[PDB]
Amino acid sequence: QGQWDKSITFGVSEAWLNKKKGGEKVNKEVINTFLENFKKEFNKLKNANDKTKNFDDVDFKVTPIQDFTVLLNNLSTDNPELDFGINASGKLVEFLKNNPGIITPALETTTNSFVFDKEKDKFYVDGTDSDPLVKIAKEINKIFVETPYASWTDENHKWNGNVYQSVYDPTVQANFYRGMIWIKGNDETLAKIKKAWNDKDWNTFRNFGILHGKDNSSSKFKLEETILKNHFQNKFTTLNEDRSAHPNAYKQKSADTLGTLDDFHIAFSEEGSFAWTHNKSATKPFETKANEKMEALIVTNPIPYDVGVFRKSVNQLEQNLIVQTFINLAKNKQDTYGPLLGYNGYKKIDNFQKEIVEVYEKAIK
């Protein structure tokens, strides 16, 4: 059953919380509004129901968390100073494989669908022009390359300080996201990369240089590794093993820096990362040399958006009221926090193995 806890603390990213605009702790203000709205809806639900109206009313707080390992480790201690947080689904699945039932998944986030990827169940087939993942990449290129990202304006792609709204369909919630593989070069180099892909010439492809995220990343490492393995069958075992024998062919960097690196021409990223990346940023994101272009090659198989997880001993009735509070806050447009992270909706997890684990496992196969 677990103990009713009259104080609930959510872990939130440290960097995010202490981040600023104008010298101001903007996110502090956002989180306080969110916490107040949360507390009011929670206790209304709580007190409207006989099953829970006699417990103590609950206060809601946040605490900064350095990174996801700290979140999951600290939740696993089951210390009431940290009761809940929201984690990337793949990383959570891998953690729970190692530590079964140690923490309790309860909330599934959803995100506004991209106009180019509104259907979850599209998977790798053969890497040709007719491949569903290749078709999405071509739709991305119509948005990012044909209408060049560098010339997008806040006004004509509806930048709202958060995302370019014009690349989304808010009326459709996606209970998934994907990674993607970018390629960059002049015309001759792009053709050579595409030829190597088409010919399944892994050595040649790989030697164009691959940028990636950390090896525990789903969307900047593992999902793309799966596509490459499924495409260039028999040519390698794992990306880590391949890198250990070919180290100058790999570098850990964000895809939006690909254009700055002359010895790298392939990069992994979240699908549509440009959609929340302001093109005016001083980092000059996605900039390429004058006679080079960056374009999508293929996206990956889909996995669930982030999952909210509780320390094990929070009372079940309280967990379910907290889940419903997320849902109702989204419905009534009182969630000032979630949409800043891409969380545009929420659902209860009814079956973690089916709804999360099996989905993740199918994608990395």
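The numbering used is simple: start at 1 and walk along the sequence shown.
Quiz item: Looking at the deposited entry, does 234-242 or 204-212 carry the larger mean Cα B-factor?
Solution: Higher mean C-alpha B-factor: 234-242.
Quiz item: Looking at the deposited entry, does 273-281 or 244-252 carry the larger mean Cα B-factor?
Solution: According to the PDB entry, the answer is 273-281.
Quiz item: Highest CA temperature factor in the entry: which of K91, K195, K289, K184?
Solution: In this record, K289 carries the highest C-alpha B-factor of the candidates.
Exercise. Select one of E188, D154, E108, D83: the residue whose C-alpha shows the highest B-factor in the crystal structure entry.
Key: So the option with the highest C-alpha B-factor is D154.
Quiz prompt | Modelled-residue ranking by C-alpha temperature factor, third containing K333 | solution = For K333, whose C-alpha B-factor we compare with every modelled residue in the chain, the answer is the highest third.
Self-check item: Cα B factor band for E41 (lowest, middle or highest third within the chain)
Solution: As the PDB entry reports it, the C-alpha B-factor of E41 lands in the middle third of its chain.
Self-check item: Chain-wide C-alpha B factor ranking for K118, given as lowest, middle or highest third
Solution: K118: CA B-factor falls in the highest third of its chain.
Quiz item: If you rank the chain by CA B-factor, which third does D56 end up in: lowest, middle or highest?
Solution: Middle third.
Quiz prompt | Third assignment of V163 from its chain's C-alpha B-factors | solution = Highest third.
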